[PDB]
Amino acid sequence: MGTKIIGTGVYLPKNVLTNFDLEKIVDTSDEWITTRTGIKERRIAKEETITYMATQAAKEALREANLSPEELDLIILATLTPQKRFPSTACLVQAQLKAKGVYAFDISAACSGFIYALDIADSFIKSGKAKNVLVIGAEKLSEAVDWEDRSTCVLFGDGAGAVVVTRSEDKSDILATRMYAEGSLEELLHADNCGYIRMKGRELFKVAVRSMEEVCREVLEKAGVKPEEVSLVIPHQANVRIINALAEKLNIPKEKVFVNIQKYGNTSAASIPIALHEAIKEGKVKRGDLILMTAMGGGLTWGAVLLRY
């Protein structure tokens, strides 16, 4: 029984960019950024390409799963910064991993990319169409950031996260998932004619808390799980204040809410998978634990996934 996570990995760019470094780039400050978001630093893929980052996170994940690339049945990569029009970055990565002939493609869902991709993987496993699936969330957001706009350039970072899921016969499994989208709210968060990230910060914040709360409550009810029974909440890392307001609305103690936005900023699709990896490595996740993942992103995509590790 169950879609089970048997391996996780990540790749964090070599270049660190603190708020102090940014102060010299745009009219901003450490105090402002820190208090309004909780971000202290962010990684920048100045040297690495999206493909390279995704491949590294995937390799570590496969090593952890003790699974050969060829044993994969599917590779799903979520990103909003593809290497090229085509082939998909999933294909470029597959090539680097030597996962010959392996089914591969990218998906677009912005910040909701990983949970969308994980939900897809679960559909393939639950339909008996796949057994081993590699799900990657990789982003080189720095290429989509307007570095002259102190309003948005201080929120994003680069990096990649990956997880390997398989069909197990034990109790590990995804208990419930729920994804939503609302294209009529494109304006709140979207790319312009040149691909630059644009947003309506205030409106977005409201919608973010309300929407993630709603879908989180939905998966909990569907799974017949109460908030107090959640072992750990791994939310998209967009703003520490949003995360706090969300935890409050769900009545989940801060101690059970994983946060690492302070060191990576908002990495979109790679956000949750990177947090999951560190959470595991920090001894905060053990088999049997109920993990709640949730996110909201451009296009106004959002959802939640409740699983028993």
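Note that residue numbering begins at 1 and tracks the sequence as displayed.
Comparing 122-130 with 233-241, the higher mean C-alpha B-factor in the PDB entry belongs to 233-241.
The PDB entry reports B-factors from which the mean C-alpha value can be compared for 49-57 and 34-42; the larger average falls on 34-42. Within the selection 82, 113, 201, 183, the deposited Cα B-factor values reach their highest point at 201. Within the group 26, 269, 247, 275, the record's highest C-alpha temperature factor is found at 26. Per-chain ranking of the deposited C-alpha B factor places residue 140 in the lowest third.
In this PDB entry, residue 295 carries a Cα temperature factor that places it within the lowest third of its chain's modelled residues. Placement of the Cα temperature factor of residue 5 within the chain: middle third of the modelled residues, per the deposited record. Annotation for residue 228: C-alpha temperature factor in the highest third relative to the rest of the modelled chain, per the entry.
Ranked within its chain, residue 173 lands in the middle third, by CA B factor from the PDB record.
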